[PDB]
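Have a look at the structure below before the remarks.
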Amino acid sequence: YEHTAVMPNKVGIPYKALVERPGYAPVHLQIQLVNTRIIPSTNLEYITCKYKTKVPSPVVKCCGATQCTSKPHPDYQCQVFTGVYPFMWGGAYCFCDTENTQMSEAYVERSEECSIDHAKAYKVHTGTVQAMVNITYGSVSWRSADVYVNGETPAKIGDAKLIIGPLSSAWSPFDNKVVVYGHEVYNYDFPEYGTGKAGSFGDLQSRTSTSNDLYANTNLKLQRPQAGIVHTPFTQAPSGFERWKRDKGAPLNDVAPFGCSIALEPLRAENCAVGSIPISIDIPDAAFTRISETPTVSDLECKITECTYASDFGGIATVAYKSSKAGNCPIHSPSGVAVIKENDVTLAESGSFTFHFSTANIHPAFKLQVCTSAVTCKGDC
Amino acid sequence: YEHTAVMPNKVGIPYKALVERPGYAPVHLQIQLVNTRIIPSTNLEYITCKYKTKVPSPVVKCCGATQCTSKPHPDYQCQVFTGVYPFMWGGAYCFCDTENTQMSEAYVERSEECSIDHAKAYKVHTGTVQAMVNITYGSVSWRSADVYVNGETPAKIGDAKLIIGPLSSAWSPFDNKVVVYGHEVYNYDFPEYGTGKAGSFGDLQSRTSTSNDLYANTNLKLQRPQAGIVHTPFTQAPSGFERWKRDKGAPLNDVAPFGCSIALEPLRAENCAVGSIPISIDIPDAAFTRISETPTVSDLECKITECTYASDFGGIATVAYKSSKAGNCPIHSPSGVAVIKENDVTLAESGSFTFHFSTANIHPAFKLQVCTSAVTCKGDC
Amino acid sequence: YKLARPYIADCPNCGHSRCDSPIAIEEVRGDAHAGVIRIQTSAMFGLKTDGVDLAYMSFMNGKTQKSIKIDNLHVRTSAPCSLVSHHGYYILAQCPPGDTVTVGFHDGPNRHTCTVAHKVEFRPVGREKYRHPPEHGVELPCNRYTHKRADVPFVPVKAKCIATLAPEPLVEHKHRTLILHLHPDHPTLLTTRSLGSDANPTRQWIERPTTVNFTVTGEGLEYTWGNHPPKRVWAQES
Amino acid sequence: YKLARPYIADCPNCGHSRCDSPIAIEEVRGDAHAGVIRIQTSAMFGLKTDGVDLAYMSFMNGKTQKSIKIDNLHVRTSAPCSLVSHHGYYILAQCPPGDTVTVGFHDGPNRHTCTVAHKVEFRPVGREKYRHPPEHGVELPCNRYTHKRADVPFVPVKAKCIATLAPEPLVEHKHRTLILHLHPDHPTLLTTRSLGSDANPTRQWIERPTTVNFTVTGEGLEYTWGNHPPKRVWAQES
């Protein structure tokens, strides 16, 4: 029997429901979202990472022209300076000034730690959404199952065959262009491999930055060669990758309003509280009555031993009764201040059933219904 | 100087325009979109290709059961048939009757040609658009610049510096799911990577063709063993790829409206005439001359020597004039019946300047404009 | 280098009381729209005792694995086939469909032939299905094989292979309208579209002198006229 | 190489009036989330005449190729450094500030020291700082290098790096409200967000006994404190 239900991603209230079928007493359905992984397919646009600076000795031709020769490195920058140093070696270096020309070169390179201390620019194409949907029937709970949203991987557990249709909200901080550093994800724009970025991520660009011969925009501006030292001086606008990494004042991982632990590589948002999960659930016929609703439940009193104020399943209560015939009978409480975890009781002329319940209230007064007859239970949460 | 025009994507056809600027002598502008390539980002969903059915001789155990041994071949199917051959002849000699068992196996594999004689299931997400934009400024019609139509980098290539504001796809004859024949695209939907289907495209599925990785459904249905020989007989309904293969009416490669010649590896639509491409054109002052308070053009007349209608640029015409100072004047006619190819006229008195024009009318009557003087031209096409 | 040599083998179909034959074939690929066929044979050309030559074969002819120059081991479809290249384990000959490759001994009054059937799928994959290669006209999509050895097998390729045709349509551009005066002597698949922005998605097979008028955007049109891949025309007005 | 002896290299700057030194640093790795730096340079530690050792070095002094036991010959970055492992061509040291890398001989008449500019940073992989792992506190992911000679080369890898722990985080549960009495002895980054459909999106670095009350919608909250493994509740008792 197929029963299609939608469970709120709330572990405060696990969403309790009854499965009706004609000539039968209902089936225990308690649904808990144990874990959510929102996983999208990621197409890498570029790497940006910690560079290591290389300062070579600059090619100076005394009394002759020197033009920059490109030497390919991630932020290779040169500038050609004439009048490099004062005349003679009494003011330091070279007879000429006018004819003397220095190419003042410096660059940044890759570290081989640009594959383990780097952020990653991702274009994002359509994903899958997992919801670990635990559906409880009788005292047995575990049928906790992930299913890919694309209809390619349905849970075919017999007593709760779950197909998980698209979650109503699936926490994706994995938008069209997203940079992920570590766990910390930042929505950040980038082109495919277009214009550079200075003072933000895209400091190094290229599909891998663990190699040399890249395109950078760290905005290195060589200054006139300092006289009395062999050096290549520069001013710069701030190093953008490091600056972007330090713009962690609210990464989406850390402000995830579902408590999602964003984790990196295809990218996923782990253990969210996001959305409500469509579930098409194949209810087992074994968890209804024999062929007829024929149990009668009579002479009932309900005692609550304990409850904790507004809990996951902190309610423990027992309903004493006398029951006739045999079926599998619902021990749920439809009420909103408490709903019962146990939504089945194996009717076989049972006279005591201890049920576990969940609440969202500081007092457990729920009307619990057995197969036929219902009572109200009371205690304190 | 920047002059911003919007050029129709007409493959090989220049969109003729006049660039007017005061305190200068206006410049010839014709911008021809030579090629537009819409290239979208491709997620290969699967290879599917021309399979070869392999029917090996079946394993017959006389006087004992035969159990199938699975093999990873795409639509490997076996069936165990018991009591196949009675005492003596029946299609094999066997002493035993009911204990005689044949396991009838057969399968499909990839053919040797299946990585180049294959169709390709592609998911398509948003692309890049390159445009080869041929820009004429002044008489010289080759200031041509390759320019990204999508948002990456402005063309500083070519003498005419072009910026095309972003446009990720100018038209994708590729939907979310697009089938490629092997070079021709038909928009056709299919389910993502997995096991093939004998009723939709992708009778073999998996992102590579190796006949191991490939999981297929071709509807191989084993039949009861042949009587008079040991053989594995089977029936099938046509495979979904094969049904798709017999669909080849009107491929987008050969029928797409703008002349989009779809080409395959990353999917792309070559030589589309789709839409119009905004071009901000840096046309320097060098294709003008200062003022037109003395590069005034006066006493102009147009005689058309020849024209041919329905041609690219079949108009040939001449302007006699007097100019007070030399310049470069656009000889453009923003008329609809004719637009001028060589929209430049070298002002300098001579009584003839021969300009080339394009027409679409049996009589070439266009109002031709130089810098300051306008005329009407007449001839016969 | 090949790791197998010819052998006598039971033929899939040979004449009754001769099915105990020499010379046999393993597999053939003919998935090509090419006129050439790639053969994996056990009656191997491109194998002598020394291995790969271009005009020598080896066979077990009801004898032993030994070689002679092409003479007694003949490829056929059911009619002669002329080899192009021999590559050890794999043979290449033209026997156009590749669904029937026949290795046969054609000496004395008797006609001995073993024929092997193959598991080829030759399907459209081009812009049209068409005739096997002749010498004349413009090519169309095929999936040919390499025509030289590398010593083991010939590799699979996709290219374009020859097709017959007849004089191409007399095009006339006029006011936003293009008439194609056609003279096929051979069936042509005519595919059209305008290349401006007008779709015109029009397939028709034509033969015989006829006219077919098409609309144009005035910004060209493609008419593919069979036994050619897309042909395109353009102009300010077409 | 590892067994190849040190040699003169361009770097015409030393702190004395002799500057004809080795050292130019071929490659350096120090973009770790550890505190340690692996240097590849001429003026090799982990190489004596015996080849690869863990507690001897070799160097060109400016003109004298020899080996010594490590005495007054010190590696430094922007601070002294005590080596951890020596691996031939590779030096491995704990160097807390990083950035510049300075290999120097503080010998008598010729006192050479070369420094090469590089960007060697030690940073969070999460949000807890690393710059010199001690031996007290929780182990967390980092980049590091192998710390024993394989005579294979020392190259980047990821290992485990200690980062400081903080005192007991006294949680107090109340209804729809979770006050967190937190008592850092050291800078802890406190990030919170609810594990409900509400949120507590509050990053702050905290030090010293404070309280911070947070909302709970009935689905608790996650708080990561110090970037130490999260303390998370999912109850409406929270």
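Chains as they are written, first to last, in the entry's author numbering: chain G, 1 to 381; chain A, 1 to 381; chain B, 9 to 159, 254 to 340; chain H, 9 to 159, 254 to 340. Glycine included, each C-beta is placed from N, C-alpha and C at the ideal position.
Contact holds between the segment 329-339 of chain G and the segment 354-370 of chain G, because three or more Cβ pairs, one in each stretch, are under 8 Å apart. With fewer than three CB-CB distances shorter than 8 Å, the segment 82-94 of chain G does not count as touching the segment 232-240 of chain G. At a Cβ-Cβ threshold of 9 Å, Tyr107/G and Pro58/G do not count as neighbours.
Residue burial annotation: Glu2/G is exposed, with fewer than 16 other C-beta atoms found within 10 angstroms of its C-beta. Secondary-structure assignment with DSSP links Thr121/B through a beta bridge to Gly112/B. Sequence-distant partners of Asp107/B (beyond 5 residues in either direction) whose C-beta falls short of 8 Å from its own C-beta, in its chain, are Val36, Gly38, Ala125, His126, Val128, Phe130.
Residue-level contact check: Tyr107/A does not touch chain B, since none of the beta carbons of chain B fall below 9 Å from its beta carbon. When CB distances to chain A are screened at a threshold of 9 Å, the residues of the segment 108-141 of chain B falling below it are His126, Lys127, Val128, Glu129, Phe130, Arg131, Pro132, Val133, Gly134, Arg135, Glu136, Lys137, in chain order. Rounded to the nearest angstrom, the gap between the Cα atoms of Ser141/A and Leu29/A is 9 Å. Listed by position along chain H, the residues whose Cβ is nearer than 9 Å to that of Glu112/G are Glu35, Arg37, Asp39, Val257, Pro258. For the segment 118-135 of chain G, residues whose beta-carbon sits nearer than 9 Å to a beta-carbon of chain A comprise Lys123, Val124, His125, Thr126.
Contact between the segment 274-293 of chain B and the segment 308-328 of chain B is present, with at least three C-beta pairs closer than 8 Å. The C-alpha of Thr66/G lies about 41 Å from the C-alpha of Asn328/A.
The secondary-structure analysis by DSSP pairs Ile281/A across a beta bridge with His3/A, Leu162/A.
Among the residues of chain B, those whose CB is under 9 Å from the CB of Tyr181/A are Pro132, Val133, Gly134, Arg135, following chain order. Separation of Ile164/A and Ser206/A (C-alpha to C-alpha, rounded to the nearest whole angstrom) is 39 Å.
The criterion of a C-beta distance shorter than 9 Å is not satisfied by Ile99/B and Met68/B.
Across the segment 293-306 of chain H, CB contacts with chain G closer than 9 Å involve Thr293, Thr294, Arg295, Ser296, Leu297, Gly298, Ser299, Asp300, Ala301, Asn302, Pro303, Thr304, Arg305, in sequence order along the chain. Relative to the Cα of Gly116/B, the nearest Cα in the group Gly134/B, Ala101/B, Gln102/B, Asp79/B belongs to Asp79/B. Look at the segment 284-313 of chain A: the residues with a C-beta under 8 Å from a C-beta of chain B are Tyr309, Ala310, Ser311, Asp312, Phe313. Selection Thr294/B, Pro20/B, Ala158/B, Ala42/B evaluated against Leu323/B yields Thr294/B as nearest (Cα-Cα).
A Cβ-Cβ distance of about 6 Å is found for the pair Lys120/A and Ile47/A, placing them in contact under the 8 Å criterion. In the displayed model, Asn253/A falls within a helix according to three-state DSSP. Identification of chain A residues near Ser340/B by a Cβ-Cβ cut-off of 8 Å yields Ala310, ordered along the chain. Cβ-Cβ separation between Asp189/A and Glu242/A: approximately 18 Å, too far for a contact (criterion under 8 Å). About 7 Å separates the CB atoms of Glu321/H and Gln338/H; that is less than 8 Å, so the two are in contact.
Closer than 9 Å to the CB of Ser335/A there is not a single CB belonging to chain G.
The beta carbon of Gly275/A lies closer than 6 Å to those of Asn9, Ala170 in the same chain, with the five residues before and after it left out. In the DSSP assignment, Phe241/A falls within the unbroken alpha helix (DSSP H) covering 240-245. Every beta strand (DSSP E) of 3 residues or more that sits fully in the segment 149-232 of chain G is shown, in chain order, as 161-164, 177-180, 220-222. One finds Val11, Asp312 in chain G with Cβ atoms closer than 7 Å to the Cβ of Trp336/H, taken in chain order. Per DSSP, reduced to three states, the secondary structure at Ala65/G is coil, with no helix or strand assignment. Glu321/H has a beta carbon lying within less than 9 Å of a beta carbon in chain G. Assigned with DSSP and collapsed to three states, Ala131/G falls in strand. One thing to note: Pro154/A has its Cβ within 9 Å of the Cβ of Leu162/A.
The DSSP-derived three-state label of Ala261/H is strand.
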